[PDB]
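Take a look at the structure tokens below, where one protein chain is shown in two forms, each on its own, as structure 1 and structure 2.
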Structure 1
């Protein structure tokens, strides 16, 4: 693979969206036969329903190169190969916060100043902005929003307890009156597992009780966990986390509200079916990878604007699917479809975009993967432009180049 034939690094990013959905929202009746249960599948290599066989195989052999390469020795080449590496978290708690700084700019203040379809803001600067942040420890996403909105925003967060819990005291700004954590059933005493029906309903009730029963203006979800030793099966291993995050959106996001969620590879029809559901439920959806997302990984984001009225059937349906997933844990079964492949493919415009997205992200990732590998086999190579690139990105995004401590 020739990685040196990649486009020049740049602060400028382009975005294209899915076509706006014209078909009606699926109801309970229509979806009554949509859930397919079959053998649990831990193989990814043949998932070519929305991606060319060459591209899928190339990005997997490119990942698997590092199966025998030293992990630290690999991340040191990664640090050198990635032109956007030096940005890091600037004065925030992690680099994840700068992803929201990155994307809030690109999507025209969609999150810090949410509008409706007509161009009218949802919140009067001279009212209060409500947001939710799920699967979110230590809290970088909320750190950005709170730092940007001060006391004009109130955030509700749920994440897994443990070493990766929220770190309020480390927020550059914020306080307990700006950001209020809730861990599911039991409240502050829950575990924050978003994949539990109890926690789901509980956090939903909580968010509604504090948003005039309207829900939040937007939701951000950035869920992930270690897939060490079996990295290639990352999409499958986190299939449920993805579903629960899409579901949480349909559960607490107000009408006309927004939603941004981290996904990984989207080769399986299970994942693609989920996006299709978001596409039916929101006024406009796109798949985007910001430059603050490392170019060799399968990380991208799905950005959703304007929640449609009457999405409750889809909400109930997905809550129901999640329950089956909990029931099929440690068994040889699994939910492999949430929307029939014929229905997804029935929409040519959706499918055309979805395929084109998968492929353009594969080719970029392959090069970056090949790039890291080259930076392993040669430690003198480097991007001499990291400093100047970082500088323009902060200028562009309106992030002051000041320091944390």
Structure 2
């Protein structure tokens, strides 16, 4: 009962929708002192409708479950044929995540590779021999980094922290290999002492300022429960937000991969970033698969005076470690009354969640149709690859 053919022409052109400007004051310790609420540990996605229509949520949940019955190889072939952006995904870089950063660096006015001061002037010229400093926190640190170092070469310096094991870095490209351009820190991001350690390492190597921007992956995949990833990844997402506030310099930026944002815990986390940055937006680039839940929290311009929020999240993480492996969990980090009190923030959140669900439903329907009719094709895949490379300034090579 879905019409996937009523969809706009696939394009290299992408539109960004930002949250409205926050005009409320950064919360302080006393204001947040009753904000963390502990409750029963819950994994029921179907009734997380504070920021999404119930009917729409159930529809998307329904499509995903039907779609998951499907055999993997068959569905993967169809999804390759159905995705208009399939052909950009693999090109040029050694790591697919590098093309995602390429995509998003372009979309956000090079704010990552060419950050600006308040007068709009470049902070980092090649001449000045001053470095672009960045951090990459993920299961295999190097993919996001591969793009940055390709673009800025020796004018950049990156710090890596791995989410998996000590040697799970991606130091294979000609630049990530040089410890002068990229320094892995020698693996549990949930341990407070590891957070502090990495924070100090980064502060000591950036003149106590912090990095110009942090690139993070705040979610992990699980087979057989796409719906549940938002909940399973909640502590990782908090720790990445906490890392942003710990190592990004004033006026700096933050980009974080996440999944669905239906839960008040997730939305509370976003609300906090929205309080701490000049501009925040939720964005799904064309280089991420249209049928999945992946999106990016993109934060522009860390404000002054965020230490209370940083300290607050640090306390929440400790509480999460305490509640781990018990029937209790932290269910809120900001009260609903506060989040819903900000009407413009809430309107954006609902519009973002619902738009994502509506598009995801169509993308899943399309794949199903491509499974049933293997002659269906997406003819402009090649033209779109070409236009994207040109637009984003990426060589048409390997």
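By rigid core we mean the largest C-alpha set that fits within 1.5 Å across both forms. Numbering follows the first chain given and starts at 1.
Taken from the structure described as the form deposited without S-adenosylmethionine is structure 2, whereas structure 1 is drawn from elsewhere.
Superposing the two forms on their core leaves just one of 276, 317, 171, 105 with a Cα displacement of at least 2 Å between structure 1 and structure 2, namely 171. Superposition of the core reveals a Cα shift of 2 Å or more for residue 226 between structure 1 and structure 2. Shown in the overlay between structure 1 and structure 2, fitted on the rigid core, is a CA shift at residue 150 smaller than 2 Å.
Shown in the overlay between structure 1 and structure 2, fitted on the rigid core, is a CA shift at residue 208 smaller than 2 Å. Taking the rigid core as reference, the CA displacement of residue 373 between structure 1 and structure 2 comes to 1.6 Å. The two forms, fitted on their core, place the C-alpha of residue 67 3.2 Å apart, compared between structure 1 and structure 2. Once the core is aligned between structure 1 and structure 2, the alpha carbon position of residue 136 differs by 4.8 Å; this is the C-alpha shift at that site.
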